[PDB]
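J.: File name work30.cif; file contents mmCIF, C-alpha atoms and all ligand atoms; full text below.
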```
data_entry
loop_
_atom_site.group_PDB
_atom_site.id
_atom_site.type_symbol
_atom_site.label_atom_id
_atom_site.label_comp_id
_atom_site.auth_asym_id
_atom_site.auth_seq_id
_atom_site.Cartn_x
_atom_site.Cartn_y
_atom_site.Cartn_z
ATOM 1 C CA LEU A 204 19.101 -32.842 8.348
ATOM 2 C CA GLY A 205 19.784 -29.164 9.016
ATOM 3 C CA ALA A 206 16.880 -28.813 11.442
ATOM 4 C CA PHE A 207 17.778 -32.041 13.247
ATOM 5 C CA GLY A 208 21.412 -30.990 13.539
ATOM 6 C CA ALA A 209 20.386 -27.563 14.804
ATOM 7 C CA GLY A 210 18.073 -29.045 17.418
ATOM 8 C CA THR A 211 20.593 -31.657 18.511
ATOM 9 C CA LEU A 212 23.521 -29.236 18.798
ATOM 10 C CA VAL A 213 21.401 -26.689 20.658
ATOM 11 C CA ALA A 214 20.116 -29.369 23.035
ATOM 12 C CA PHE A 215 23.685 -30.608 23.532
ATOM 13 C CA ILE A 216 25.104 -27.177 24.365
ATOM 14 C CA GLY A 217 22.210 -25.519 26.215
ATOM 15 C CA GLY A 218 22.939 -27.587 29.290
ATOM 16 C CA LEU A 219 26.351 -25.936 29.454
ATOM 17 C CA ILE A 220 25.269 -22.416 28.476
ATOM 18 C CA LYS A 221 24.461 -20.319 31.555
ATOM 19 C CA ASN A 222 23.662 -16.629 31.898
ATOM 20 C CA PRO A 223 26.566 -14.848 33.650
ATOM 21 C CA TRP A 224 24.228 -11.952 34.470
ATOM 22 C CA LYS A 225 21.364 -13.781 36.153
ATOM 23 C CA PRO A 226 20.839 -11.937 39.469
ATOM 24 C CA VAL A 227 21.620 -14.616 42.063
ATOM 25 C CA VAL A 228 23.801 -13.107 44.807
ATOM 26 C CA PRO A 229 21.573 -11.274 47.325
ATOM 27 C CA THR A 230 22.491 -7.705 48.184
ATOM 28 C CA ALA A 231 21.118 -4.645 49.942
ATOM 29 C CA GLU A 232 20.129 -3.414 46.459
ATOM 30 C CA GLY A 233 18.385 -6.689 45.601
ATOM 31 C CA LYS A 234 19.812 -9.768 43.945
ATOM 32 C CA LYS A 235 22.731 -8.913 41.656
ATOM 33 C CA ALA A 236 24.981 -10.807 39.275
ATOM 34 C CA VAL A 237 27.958 -12.706 40.652
ATOM 35 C CA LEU A 238 30.618 -10.607 38.924
ATOM 36 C CA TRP A 239 29.365 -7.378 40.503
ATOM 37 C CA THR A 240 29.226 -8.865 44.010
ATOM 38 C CA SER A 241 32.021 -10.191 46.203
ATOM 39 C CA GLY A 242 32.225 -11.129 49.870
ATOM 40 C CA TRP A 243 32.453 -7.403 50.638
ATOM 41 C CA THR A 244 29.050 -6.600 49.135
ATOM 42 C CA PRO A 245 26.700 -5.729 52.032
ATOM 43 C CA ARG A 246 23.952 -8.337 52.098
ATOM 44 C CA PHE A 247 21.707 -5.873 53.947
ATOM 45 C CA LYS A 248 22.059 -2.117 54.273
ATOM 46 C CA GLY A 249 24.399 -1.127 57.085
ATOM 47 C CA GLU A 250 25.856 -4.606 57.558
ATOM 48 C CA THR A 251 29.159 -4.758 59.430
ATOM 49 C CA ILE A 252 31.891 -6.608 57.523
ATOM 50 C CA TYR A 253 35.038 -6.946 59.615
ATOM 51 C CA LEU A 254 38.443 -7.120 57.936
ATOM 52 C CA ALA A 255 39.055 -10.431 59.689
ATOM 53 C CA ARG A 256 42.604 -11.737 59.647
ATOM 54 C CA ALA A 257 42.895 -15.345 58.494
ATOM 55 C CA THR A 258 44.864 -17.149 61.157
ATOM 56 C CA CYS B 21 43.878 3.446 26.271
ATOM 57 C CA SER B 22 43.694 4.574 29.882
ATOM 58 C CA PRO B 23 40.615 3.592 31.923
ATOM 59 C CA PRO B 24 37.964 6.341 31.937
ATOM 60 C CA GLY B 25 38.089 6.981 35.694
ATOM 61 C CA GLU B 26 41.406 7.711 37.415
ATOM 62 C CA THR B 27 43.254 10.248 39.546
ATOM 63 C CA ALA B 28 41.939 12.819 42.043
ATOM 64 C CA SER B 29 44.384 15.523 43.134
ATOM 65 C CA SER B 30 41.818 17.793 44.810
ATOM 66 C CA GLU B 31 39.365 16.925 47.583
ATOM 67 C CA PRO B 32 41.907 15.531 50.081
ATOM 68 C CA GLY B 33 39.154 13.581 51.855
ATOM 69 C CA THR B 34 38.099 13.033 55.441
ATOM 70 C CA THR B 35 38.714 10.520 58.191
ATOM 71 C CA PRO B 36 36.050 7.785 57.955
ATOM 72 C CA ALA B 37 33.430 8.020 60.671
ATOM 73 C CA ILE B 38 33.143 5.299 63.295
ATOM 74 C CA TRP B 39 31.070 2.523 61.757
ATOM 75 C CA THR B 40 27.621 1.994 63.287
ATOM 76 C CA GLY B 41 26.230 -1.213 61.838
ATOM 77 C CA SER B 42 22.492 -1.752 61.645
ATOM 78 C CA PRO B 43 20.610 -4.853 62.872
ATOM 79 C CA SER B 44 20.014 -7.349 60.091
ATOM 80 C CA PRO B 45 16.482 -7.114 58.620
ATOM 81 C CA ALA B 46 17.164 -9.782 56.000
ATOM 82 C CA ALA B 47 19.135 -12.379 57.973
ATOM 83 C CA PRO B 48 17.000 -11.927 61.128
ATOM 84 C CA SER B 49 13.235 -12.067 60.633
ATOM 85 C CA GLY B 50 12.801 -10.091 63.855
ATOM 86 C CA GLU B 51 14.981 -8.682 66.619
ATOM 87 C CA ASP B 52 17.368 -11.020 68.419
ATOM 88 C CA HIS B 53 16.598 -11.327 72.132
ATOM 89 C CA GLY B 54 18.902 -12.148 75.028
ATOM 90 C CA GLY B 55 17.761 -13.369 78.421
ATOM 91 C CA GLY B 56 14.424 -15.170 78.535
ATOM 92 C CA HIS B 57 12.000 -14.709 81.412
ATOM 93 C CA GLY B 58 8.287 -14.429 82.079
ATOM 94 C CA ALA B 59 8.615 -10.674 82.645
ATOM 95 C CA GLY B 60 5.089 -9.963 83.823
ATOM 96 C CA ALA B 61 5.618 -6.232 83.284
ATOM 97 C CA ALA B 62 6.567 -3.836 80.486
ATOM 98 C CA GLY B 63 9.595 -6.105 79.992
ATOM 99 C CA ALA B 64 12.911 -6.544 81.796
ATOM 100 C CA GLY B 65 14.082 -9.979 80.671
ATOM 101 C CA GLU B 66 16.518 -12.404 82.260
ATOM 102 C CA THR B 67 19.342 -9.834 82.407
ATOM 103 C CA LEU B 68 19.519 -7.040 84.989
ATOM 104 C CA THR B 69 22.698 -5.458 86.370
ATOM 105 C CA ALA B 70 23.540 -2.603 88.721
ATOM 106 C CA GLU B 71 26.556 -0.745 90.091
ATOM 107 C CA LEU B 72 26.468 0.349 93.733
ATOM 108 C CA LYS B 73 28.679 3.430 94.072
ATOM 109 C CA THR B 74 30.087 5.302 97.065
HETATM 110 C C1 LIG C 301 20.776 -22.655 14.756
HETATM 111 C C2 LIG C 301 20.229 -22.693 16.176
HETATM 112 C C3 LIG C 301 19.428 -21.423 16.458
HETATM 113 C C4 LIG C 301 19.189 -21.272 17.953
HETATM 114 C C5 LIG C 301 20.168 -20.300 18.587
HETATM 115 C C6 LIG C 301 20.296 -20.654 20.063
HETATM 116 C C7 LIG C 301 20.880 -19.498 20.867
HETATM 117 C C8 LIG C 301 19.760 -18.571 21.396
HETATM 118 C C9 LIG C 301 19.247 -19.041 22.765
HETATM 119 C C10 LIG C 301 17.724 -18.813 22.899
HETATM 120 C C11 LIG C 301 17.300 -19.105 24.348
HETATM 121 C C12 LIG C 301 17.460 -17.886 25.283
HETATM 122 C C13 LIG C 301 16.169 -17.513 26.041
HETATM 123 C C14 LIG C 301 15.516 -18.597 26.934
HETATM 124 C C15 LIG C 301 16.459 -19.540 27.720
HETATM 125 C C16 LIG C 301 17.415 -18.863 28.726
HETATM 126 O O1 LIG C 301 17.079 -17.878 29.298
HETATM 127 O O2 LIG C 301 18.675 -19.437 29.006
HETATM 128 C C17 LIG C 301 19.807 -18.711 28.631
HETATM 129 C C18 LIG C 301 20.688 -19.612 27.785
HETATM 130 O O3 LIG C 301 19.880 -20.159 26.791
HETATM 131 C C19 LIG C 301 19.719 -21.549 26.812
HETATM 132 O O4 LIG C 301 18.837 -22.027 27.412
HETATM 133 C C20 LIG C 301 20.656 -22.503 26.102
HETATM 134 C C21 LIG C 301 21.323 -21.890 24.849
HETATM 135 C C22 LIG C 301 21.343 -22.807 23.613
HETATM 136 C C23 LIG C 301 22.716 -23.331 23.159
HETATM 137 C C24 LIG C 301 22.984 -22.952 21.701
HETATM 138 C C25 LIG C 301 24.297 -23.587 21.223
HETATM 139 C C26 LIG C 301 24.989 -22.774 20.117
HETATM 140 C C27 LIG C 301 24.246 -22.894 18.757
HETATM 141 C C28 LIG C 301 23.866 -21.490 18.263
HETATM 142 C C29 LIG C 301 25.050 -23.644 17.657
HETATM 143 C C30 LIG C 301 24.376 -24.966 17.243
HETATM 144 C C31 LIG C 301 23.301 -24.785 16.150
HETATM 145 C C32 LIG C 301 23.678 -25.443 14.808
HETATM 146 C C33 LIG C 301 24.725 -24.644 14.002
HETATM 147 C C34 LIG C 301 26.080 -25.366 13.895
HETATM 148 C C35 LIG C 301 26.027 -26.501 12.851
HETATM 149 C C36 LIG C 301 27.320 -27.326 12.868
HETATM 150 C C37 LIG C 301 28.208 -26.954 11.679
HETATM 151 C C38 LIG C 301 20.495 -18.251 29.913
HETATM 152 O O5 LIG C 301 20.356 -19.264 30.877
HETATM 153 P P1 LIG C 301 20.110 -19.066 32.501
HETATM 154 O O6 LIG C 301 19.041 -18.051 32.763
HETATM 155 O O7 LIG C 301 21.346 -18.706 33.255
HETATM 156 O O8 LIG C 301 19.680 -20.557 33.038
HETATM 157 C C39 LIG C 301 20.514 -21.626 32.659
HETATM 158 C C40 LIG C 301 19.823 -22.449 31.596
HETATM 159 O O9 LIG C 301 19.654 -21.783 30.391
HETATM 160 C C41 LIG C 301 20.705 -23.625 31.259
HETATM 161 O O10 LIG C 301 20.235 -24.187 30.099
HETATM 162 C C42 LIG C 301 20.745 -24.568 32.397
HETATM 163 O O11 LIG C 301 21.485 -25.680 32.035
HETATM 164 C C43 LIG C 301 21.342 -23.854 33.593
HETATM 165 O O12 LIG C 301 22.690 -24.128 33.676
HETATM 166 C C44 LIG C 301 20.720 -22.491 33.893
HETATM 167 O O13 LIG C 301 21.418 -21.824 34.889
#
```
As structure tokens, please, write out the structure in this file.
Ligand SMILES: CCCCCCCCCCCCCCCC(=O)O[C@H](COC(=O)CCCCCCC[C@@H](C)CCCCCCCCC)COP(=O)(O)O[C@H]1[C@H](O)[C@H](O)[C@H](O)[C@@H](O)[C@@H]1O
T.:
Amino acid sequence: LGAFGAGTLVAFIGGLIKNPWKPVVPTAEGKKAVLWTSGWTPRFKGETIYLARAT
Amino acid sequence: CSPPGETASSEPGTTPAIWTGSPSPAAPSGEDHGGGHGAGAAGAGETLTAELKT
């Protein structure tokens, strides 16, 4: 019963569990985690990111 | 507690230099090209201007 409950709970919750620190967002310094990177992170070295006003 | 990194009284700074962006190596596989033409020479393309002065 303990093993079955362990397996079932883990299989129930592992779908939800995700790594926050999986490098996914590309960056000039290689793929990085989402929290480190924002829209201002240069995708490639020397990229121009204008401070565009949102009309 | 205060955050480890704060405050800088010295080193007033400098005016940022004029930004000179670089062509995208990642987004563009190669170099973006403008006018298209046969250009049976070293290469001139489909864009050629000139200003005739006095
Ligand atoms: C007693 C049980 C002993 C086992 C402990 C289990 C905890 C250790 C986990 C071991 C696996 C880690 C290495 C390999 C795996 C790995 O790297 O995955 C990580 C995440 O680990 C997972 O897989 C899922 C984690 C499992 C959920 C565990 C639930 C809590 C347990 C401890 C409580 C129930 C046990 C019974 C006790 C309570 C009894 C009741 C009184 C990160 O995911 P990520 O790289 O972002 O990819 C995402 C894919 O995982 C993701 O499933 C997928 O859905 C995507 O969303 C994807 O993005």
J.: Find the residues in chain B near chain A: any atom within 8 Å counts, using all atoms listed in the file. Write them as an NGL selection string.
T.: :B and (39-46)
J.: Using the chain letters and numbering of this document, enumerate as a ChimeraX atom specification the residues selected by the PyMOL selection byres (((not hetatm)) within 7 of (chain C and resi 301)).
T.: /A:208-210,212-214,216-223,225
J.: What is the distance between CA of residue 254 in chain A and CA of residue 242 in chain A, in Å to one decimal?
T.: 10.9 Å
J.: Have a look at CA of residue 56 in chain B and CA of residue 69 in chain B and let me know their distance in Å, one decimal.
T.: 15.0 Å
J.: Check what the PyMOL selection byres (((chain B and resi 52-54) around 8) and not hetatm) selects in the file above and give those residues as a ChimeraX atom specification.
T.: /B:48,50-51,55-56,65-67
J.: Return as a PDB file with C-alpha atoms, in the coordinates of the input the set of residues that the PyMOL selection byres (((chain A and resi 228) around 10) and not hetatm) yields on the displayed structure.
T.:
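See out_6.pdb below for the written result:
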```
ATOM      1  CA  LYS A 225      21.364 -13.781  36.153  1.00  0.00           C
ATOM      2  CA  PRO A 226      20.839 -11.937  39.469  1.00  0.00           C
ATOM      3  CA  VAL A 227      21.620 -14.616  42.063  1.00  0.00           C
ATOM      4  CA  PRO A 229      21.573 -11.274  47.325  1.00  0.00           C
ATOM      5  CA  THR A 230      22.491  -7.705  48.184  1.00  0.00           C
ATOM      6  CA  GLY A 233      18.385  -6.689  45.601  1.00  0.00           C
ATOM      7  CA  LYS A 234      19.812  -9.768  43.945  1.00  0.00           C
ATOM      8  CA  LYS A 235      22.731  -8.913  41.656  1.00  0.00           C
ATOM      9  CA  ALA A 236      24.981 -10.807  39.275  1.00  0.00           C
ATOM     10  CA  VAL A 237      27.958 -12.706  40.652  1.00  0.00           C
ATOM     11  CA  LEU A 238      30.618 -10.607  38.924  1.00  0.00           C
ATOM     12  CA  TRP A 239      29.365  -7.378  40.503  1.00  0.00           C
ATOM     13  CA  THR A 240      29.226  -8.865  44.010  1.00  0.00           C
ATOM     14  CA  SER A 241      32.021 -10.191  46.203  1.00  0.00           C
ATOM     15  CA  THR A 244      29.050  -6.600  49.135  1.00  0.00           C
ATOM     16  CA  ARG A 246      23.952  -8.337  52.098  1.00  0.00           C
TER      17      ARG A 246
END
```
J.: Quick one, how far is CA of residue 61 in chain B from CA of residue 49 in chain B?
T.: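 These atoms are spaced 24.6 Å apart.
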